[PDB]
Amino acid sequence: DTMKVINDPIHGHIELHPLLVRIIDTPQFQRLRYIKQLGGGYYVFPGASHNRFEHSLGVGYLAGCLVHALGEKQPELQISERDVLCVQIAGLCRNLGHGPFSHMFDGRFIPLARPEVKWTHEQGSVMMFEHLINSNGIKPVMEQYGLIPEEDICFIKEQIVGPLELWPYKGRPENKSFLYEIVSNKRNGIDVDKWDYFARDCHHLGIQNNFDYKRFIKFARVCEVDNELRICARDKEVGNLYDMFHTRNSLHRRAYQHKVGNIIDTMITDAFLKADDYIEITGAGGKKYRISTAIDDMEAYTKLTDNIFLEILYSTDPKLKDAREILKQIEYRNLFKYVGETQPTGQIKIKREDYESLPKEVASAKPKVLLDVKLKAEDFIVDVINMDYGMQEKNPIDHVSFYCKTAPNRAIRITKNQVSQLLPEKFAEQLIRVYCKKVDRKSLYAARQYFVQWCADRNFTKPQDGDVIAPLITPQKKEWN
């Protein structure tokens, strides 16, 4: 076994250590070739055909680039070849837990199918990783290349999911704290996973990426911060860091929360819910699982990919007829219709436990206009989207440490007002999208009247096309003019 070279359109020629090759060449990893990175986004942006497999390679490559760069500038950190490989493996493997259509699965489907469970792709990635190791005899190979499985497997998992329960980590001591900031940075979100998806998603979507990760790496150093060794950025890069999160938010607005990409994800989720009683996935010992339960058996989950969509679409079983019809409407582009978008005002914050009551509220609005049709709660979809800088209401830059050119070993803090007055004043907001399942002209007209009346009643912002779609409704609200 020697190193392999793979050619990636984002990163060029990437070298893979033979241990990494061994991990990659498994059913558990190769599974990621059948899971689209952007889910239903490929149905809106046709270049977004990329899958989680190639993203994962990229994350593993970049994790190696950052850790190598720190070691090379700062030999006194004692980064070992062992550390490098562990960080690469965590990078390669942090997407293992994703399900069909990526965020559709853990963002929409599992919360509706299994409301009692607390499932994340992160937790999935740990479980899949364990299963990958054990199923494929990876521990001896790890030993062969100088890893110590007990500690190092723990380290890899902690890099992916955080502490498995004072210094809370067991895989590495505080001396090496900075290593936990590479793959999945729990402190402020600045990690190599974002850097790959910014570049890769842009390349495929046909939108241009403004964040320069190579620059960031060149300016990164490790410094002591409150008795931990942490990654610090050069002071003057602070503007580029705000820009990084601004770029993330733009990509969410333009692509990852595109109103039609989201409705396609919703329709696919609906098909999956209707198919859940009838599709069977064979797991360990031949036992059968369903779409919603494959998360309980990694051998079954290994076989749970975007293929489920085609299995439903191509089915002839009359039990799958309702599921199959929904997917057929997607092929004909007979989609649920977008009604509009609004946002809460003031200190109003809509909680997850109130989401279900929203279609009911919309249908209870009493727009004072003549309507041909009356719509009911079940005719409406209301999608609430939390947009933020990765840390709820907090500014992630308040949780970044910097250094200055005159004293590169001294960590400092930089506040928002030390950077620019042109920066955001808030770091979290909610968008509310409404759609109608009745697609005819009269229903849609009515849906608009209810929607805008509901915005008015709730004191939400005026939809951008409010005056055009509901001219008789918007005058009543003085706050809108």
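Numbers follow the displayed sequence, beginning with 1.
**Q** Quick check on the record: how many residues from the deposited sequence are absent from the model between residue 165 and residue 166 (none, 1 to 3, 4 to 9, 10 or more)?
**A** Count of unmodelled residues in between: 4 to 9.
**Q** Higher average CA B factor in the deposited record is what I'm after, so tell me if that's 462-470 or 11-19.
**A** Higher mean C-alpha B-factor in the PDB entry: 462-470.
**Q** Name the higher of the two by mean Cα B-factor in the PDB entry, 240-248 versus 339-347.
**A** If you average the C-alpha B-factors of 240-248 and of 339-347, the larger mean comes out for 339-347.
**Q** Which listed residue, 98, 170, 214, 200, has the largest C-alpha temperature factor in the record?
**A** Highest CA B-factor of the listed options: 170.
**Q** Name the residue from 398, 228, 235, 265 with the greatest C-alpha temperature factor listed in the entry.
**A** Most elevated C-alpha B-factor of the set, per the entry: 228.
**Q** Would you please rank residue 88 by its C-alpha temperature factor against the other modelled residues of its chain and give the third it falls in: lowest, middle or highest?
**A** For residue 88, the deposited C-alpha B-factor lands in the lowest third.
**Q** By the recorded C-alpha temperature factor, relative to the other modelled residues in its chain, which third is residue 256 in?
**A** Lowest third - that is where residue 256 ends up once the chain's C-alpha B-factors are sorted.
**Q** Relative to the other modelled residues of the same chain, rank the CA B-factor of residue 449 and answer lowest, middle or highest third.
**A** For residue 449, the deposited C-alpha B-factor lands in the highest third.
**Q** Just say lowest, middle or highest third for the CA B-factor of residue 352 relative to the other modelled residues in its chain.
**A** Top third by C-alpha B-factor.
**Q** Among the modelled residues of this chain, does the Cα B factor of residue 206 put it in the lowest, middle or highest third?
**A** It falls in the bottom third of the chain.
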